[PDB]
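The form deposited in one PDB entry is given below as one chain in structure tokens.
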């Protein structure tokens, strides 16, 4: 038969879901990474009043024109503005941020002035408005500052705080149930029975889920018993928006698990044109969506990263999405490649004698090892119908995000 393209599989998945709308209001310090549920519209002008941008003296243009020294009637600070008398022929010592006096027309740097006996003289011309930041020049009251669907980071939260807003409404955390199946799987700190190995995928998915801002319900390991498995699915579906199998449940093979899966929902089993991996299951349970990952650790991790991650992004209500961008760079390592599959190989991005990045391999790309995720810092995304690439050619690279 034939293999399904990755963007095809992805677009197909995304067209089926609806982004959550349930919200909750939280103080700013608790919002890193949360999604805005509604537009943030400013109740005030920013800045709130005409203020000084420099340390210096505030004056009236008609006073400069005299050519004669102007005595300091007073001084104005941001913490305590001046409100005394400001008679004609005089100036005011003003600091950064302090509001401008009654009829001030400009602010002069402390550097472009000379102290006289009983007054201050200014050297260099003075233009109306110099060193004066005006009310509303940055933000207008009634204007939309950040649109709904915006992921909040250090770049926008402090801005929201300059508005005087202490709490904001955000979409609730996406709830994800997760578990693994297999008589060969053992828990941490327990002895290994005949033919057993330690469960690793579940911890990997748990960690990524938490760093992505989701709320995780980890149900542990379920042994190969038809009664226990059905009960696990029903419990997981009951309390979450998404249910994920980190390994053990069929992604195509006709075994006892595939039967239970199909009785509980409408599932699709795909054969993707990727490497490593290939099979992937996705479908609708009674009260949630289902994602089933392949058993191989390398394949499970790559599959979660490129399909489940963006799936969760749309569900959270985030409008900006597509994952990290890619760039073309030359390779310094011979790479082995076979046509027919988009091969996400691991490598190492680095600087060249000149200053531009170049990528090396991490070693073998088998799925019999996991260490390449640690050594490398990026994905070398080799085109579906391409073959082996030699030193010097161009390749596309995708730097790892913060999960690695």
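For clarity, a rigid core is taken as the largest C-alpha set superposing within 1.5 Å between two forms. Residue numbers count along the first chain shown, from 1.
Higher mean CA temperature factor between 25-33 and 369-377: 369-377, per the PDB entry. Checked against the record, the higher mean CA B factor of 117-125 and 246-254 lies with 117-125.
Across 303, 218, 196, 321, the greatest Cα temperature factor reported in the deposited entry is at 321. Between the residues 85, 237, 138, 210, the entry's highest C-alpha temperature factor is the one at 85. Per-chain ranking of the deposited C-alpha B factor places residue 38 in the middle third.
For residue 58, the recorded CA B-factor ranks within the middle third of the chain. Only modelled residues enter the ranking. Among all modelled residues in its chain, residue 93 ranks in the middle third by Cα B-factor.
For residue 72, the recorded CA B-factor ranks within the middle third of the chain. Only modelled residues enter the ranking. Among the modelled residues of its chain, residue 100 has a C-alpha B-factor that falls in the middle third, as given in the PDB entry.
Unshown form deposited in another entry; subsequent notes refer to it.
Just one of the listed positions, 126, 216, 157, 315, moves its Cα by at least 2 Å between this form and the one not shown when the rigid core is held fixed, and it is 126. In the core-superposed comparison between this form and the one not shown, the C-alpha atom of residue 50 has shifted by at least 2 angstroms.
Relative to the superposed core, residue 262 undergoes a Cα shift smaller than 2 Å between this form and the one not shown. The Cα position of residue 285 differs by less than 2 Å between this form and the one not shown after fitting on the rigid core.
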